[PDB]
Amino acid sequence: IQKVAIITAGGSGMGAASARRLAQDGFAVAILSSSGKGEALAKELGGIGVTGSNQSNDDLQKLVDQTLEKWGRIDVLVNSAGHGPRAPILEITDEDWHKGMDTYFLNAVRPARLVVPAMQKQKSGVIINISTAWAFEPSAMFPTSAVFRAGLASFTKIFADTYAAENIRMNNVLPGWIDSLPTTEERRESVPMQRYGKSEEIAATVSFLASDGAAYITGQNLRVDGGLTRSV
């Protein structure tokens, strides 16, 4: 067996960085992206791609089925995310809250349901979600992101307790300001380390969590933020 990694929202940013690093580590990769970039990248990394939505159970099933048809196993699932509603806290509509849940919570839950049967058969698996350093120290800048990634942390803990005995782990990586988007001086200066994080630094964190050496870590939320957040 070559080990296998599926990456949802893997066509750009932190998803793409994670897919590249996991391929470099030696995983066969399967990528889902609503852009064409996902399939180009999977091609370049020698793996497979599906072009579809991380909100669609059917695109997801196609991705999972193709990965199992080809390699017969799924060792790692990495879930990255899009961008959800941003507005003043009482102005976000009920509809927008629902859309935020789709973007930032069910984007991780939906594919988790579909990969777990393989991981149960294997008695081995890792699921890593890209969350946000603001989950427990939320800001008005990113209200639906923080709300639903806090909820994702609770989901992650219930999941971790439910599947621990089957050697299946789930952890979240909580990035601060990352150079996947343009920097501002105010934001950069607000980080004690006085720089944005590299998308490759997030990918390195994913790589660790996907390795045998991290096997005893489950249910955790690891902030990778140059010291930005205040809580121990």
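So that there is no doubt, residue numbering starts at 1 and follows the sequence shown.
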Average Cα temperature factor in the PDB entry - higher stretch of 213-221, 15-23: 15-23
Mean C-alpha B-factor higher for 153-161, or for 138-146? 138-146
Sorting 54, 167, 172, 207 by Cα temperature factor from the record, which one lands on top? 54
Looking only at 41, 203, 178, 30, the Cα with the top B-factor belongs to 41
Considering every modelled residue of the chain and its Cα B-factor in the PDB entry, is residue 127 in the lowest, middle or highest third? lowest
Where does the C-alpha B-factor of residue 2 rank in its chain, lowest, middle or highest third? highest
Tell me, lowest, middle or highest third: where does the Cα B factor of residue 133 rank within its chain? lowest
Ranked against its chain, the third holding the CA B-factor of residue 101: middle
Within this chain's modelled residues, let me know which third the CA B factor of residue 74 belongs to: lowest, middle or highest. middle
